[PDB]
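Take a look at this single chain, the form deposited in one PDB entry, given in structure tokens.
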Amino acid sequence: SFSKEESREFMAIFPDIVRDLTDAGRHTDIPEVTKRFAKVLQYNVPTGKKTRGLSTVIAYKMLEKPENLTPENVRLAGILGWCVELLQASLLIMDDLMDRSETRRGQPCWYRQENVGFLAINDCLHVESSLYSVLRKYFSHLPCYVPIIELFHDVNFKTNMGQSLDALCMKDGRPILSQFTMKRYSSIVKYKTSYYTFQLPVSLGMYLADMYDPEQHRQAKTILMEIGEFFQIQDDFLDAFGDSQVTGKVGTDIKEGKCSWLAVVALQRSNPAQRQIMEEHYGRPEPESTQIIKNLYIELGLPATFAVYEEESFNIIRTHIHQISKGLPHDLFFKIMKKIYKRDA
């Protein structure tokens, strides 16, 4: 689980994904575009932490019968993991344009790079569509094919709903702070993050292991939605308080007026003077307004508030994993939480 050997095995597949999409004897009349797409893939797909792709393989190895774990079936789980990584890559290209971000994975965001700009918009769609080409190549003769493509379809649609709810934080250049509740927060993160980051890898592992029981899927979902909310709260903490040299990205949530966990908790914790600071300075383009909000988050003790929350929530989620039944391996969920707890990136 999240070992050097598992990482080597997963990265070994990446060159074959690139070949499948750009050098498989198709589209031989437009090599300018196919060579450029190979670069799109090289830059935007493989330089993250790869937790979703690696989790797809770990889920499969922990769900499948040991006697069925052939080189070929483990490679298929890795290919499914790369299809989740293509989905992630696509989402981040669009997200960085929508959030006016500077850096991603330690480099300038794709849309900012020389002679990219608005080309990043098509590249996002192209990366998304490419995962279905990979699924068709490897899975089209297997019983899991239709469930897998339908799951990717459904998760895409849900992720788009979450990305829209996330974007509705601002109207006419001011944040809708009266609506920044923990209820709204939980709904945003369920849709924009939890389905594609946590539900999708585990459901893919289940499908490849010929596990289709709707009740087993629903019990995995309940715990993976809790893990997803936890994970997004960590992401929100890193936006304001992370070291951008370690996280690889400069935060934008304050300037973009987002209904982040920090904003929700700041509103819960603020006295009336602090609430007026949020009303005046949250979601503004001016660097001085964002620093006023960061200084409010410091004064409120939001770093220590997050640290306590993270520890308390880690323990609650593990209590809930202990209560899982429907024949699901508790250690799969424990390994996912161990990997993310106390992360700084």
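For every residue, the number given is its place in the sequence shown, counted from 1. In this text, the rigid core denotes the largest set of C-alpha atoms whose superposition between the two forms falls within 1.5 Å.
Omission of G248 is seen in a third or more of the other entries compared for this protein where the adjacent residues are built. Compared with other PDB entries of the same protein, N115 is missing from at least a third of those that resolve the residues around it. Two stretches are in play, 264-272 and 119-127, and the higher mean C-alpha B-factor belongs to 264-272. Note on 50-58 vs 24-32: mean CA B-factor is higher in 24-32. The entry lists C-alpha B-factors for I298, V308, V40, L63, and the highest of these is at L63.
Per the PDB record, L69 has a higher Cα B-factor than any other of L69, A304, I293, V45. Among all modelled residues in its chain, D96 ranks in the lowest third by Cα B-factor. Per-chain ranking of the deposited C-alpha B factor places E229 in the lowest third.
Looking at the C-alpha B-factors along this chain, the one for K221 belongs to the highest third. Per-chain ranking of the deposited C-alpha B factor places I79 in the middle third. When all modelled residues of the chain are sorted by CA temperature factor, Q179 is found within the highest third.
As for the form deposited in another entry, it is not shown, yet the points below apply to it.
Taking the core as reference between this form and the one not shown, the lone member of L302, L54, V45, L63 whose Cα moves by 2 Å or more is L302. Once both forms are fitted on their rigid core, the CA atom of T222 lies less than 2 Å apart between this form and the one not shown.
After superposition on the rigid core, the Cα of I316 moves by 2 Å or more between this form and the one not shown.
Once the cores line up, the CA of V33 ends up less than 2 angstroms apart between this form and the one not shown.
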